[PDB]
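An overview of the molecular structure
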Amino acid sequence: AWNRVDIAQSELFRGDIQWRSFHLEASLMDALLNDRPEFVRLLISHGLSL
Amino acid sequence: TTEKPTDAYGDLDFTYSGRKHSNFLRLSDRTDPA
């Protein structure tokens with residue numbers, strides 16, 4: 001929502017948190033309704049199935 | 001043990017995903033690695 005990749009990439013995907021699937025899918029829907037191409041690329045890159 | 005020639009040699013790949021097809025073979029133990 002803040003449109004700041006440099007926080008989310010560097011603090012939430014270091015590997016400390018084992019993220020489940022629907023935790024990513026809800027955020028991807030928030031990233032598709034708003035206009036953030038960088039977060040869409042970042043969330044598909046973590047092994048999600050459409 | 002009743003030994004028989006196999007059937008499972010695979011052009012295996014994964015459903016609803018982007019991975020390239022994976023080559024695949026079921027193999028018995030005590031076989032020759034050559």
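Residues numbered from 1 in each chain as written, not as in the entry; some residues may be left out. Chains lettered and ligands numbered in written order. Part of a larger assembly, values for the part shown. Heavy atoms only, no water.

cryo-EM is the method the PDB entry states for this structure, with the resolution given as 3.25 Å.

Looking only at helices and strands, chain B has zero helices and two strands in total. For chain B, the spread of C-alpha atoms along the three principal axes comes to 40 × 20 × 10 Å. Among the 34 residues that make up chain B, the fraction classed as buried is 0%. Roughly 4,000 Å² of accessible area belongs to chain B as shown, and the carbon and sulfur atoms make up 51% of that amount. Separation of charge centres in chain B, based on 5 positive and 6 negative side chains, amounts to 4 Å. (Helix = DSSP H or I, 4+ residues; strand = E, 2+ residues; numbered from the N terminus. Buried < 20%, exposed > 50% of the residue type's maximum accessible area, 1.4 Å probe, protein only. Areas by Shrake-Rupley, 256 points an atom, 1.4 Å probe, with all protein chains shown as cover. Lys, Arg positive; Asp, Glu negative; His and termini not counted. Charge placed at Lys NZ, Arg CZ, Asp CG, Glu CD.)

Bringing helix α3 (residues 37–44) of chain A into the picture now. Residue and element names in this part refer to chain A. For α3, the full list of buried residues reads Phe39, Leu42 and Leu43. Projected onto a plane normal to the axis of α3, the buried residues spread over an arc of 90 degrees and lie on a single side. Seen from the open side of α3, the exposed residues pointing more than 90 degrees away from its buried face are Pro37 and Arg41. On its buried face, α3 is in contact with α1 (5–12) and α2 (21–33). (Arc of directions from axis to C-beta. Contact = heavy atoms within 4.5 Å.)

So, on to the layout of surface pockets. All names here are of chain A. In this model, the largest pocket occupies a volume close to 490 Å³. As for the largest pocket, its lining consists of 19 residues, of which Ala1, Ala8, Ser27, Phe39 and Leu43 are closest to the centre. Looking at the lining of the largest pocket, the elements with two or more residues in it are α1, α2 and α3. Sorting elements by how many residues they give to the lining of the largest pocket places α2 first, with five residues. (1 Å grid on protein atoms, 1.4 Å probe; cavity = no way out; pocket = protein on both sides within 12 Å on 5 of 7 lines; lining within 4 Å. Points joined across faces, edges and corners; volume = space filled by probe spheres on them.)

With that settled, consider the pattern of salt bridges. All names here are of chain A. Counted according to the given criterion, the structure contains one salt bridge over all chains. Measuring nitrogen to oxygen at the nearest pair gives 2.6 Å for the salt bridge that ties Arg14 to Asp16. The pair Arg14 / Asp16 is uniform in exposure class, with both members exposed. (Salt bridge = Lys/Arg side-chain N within 4 Å of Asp/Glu carboxyl O.)

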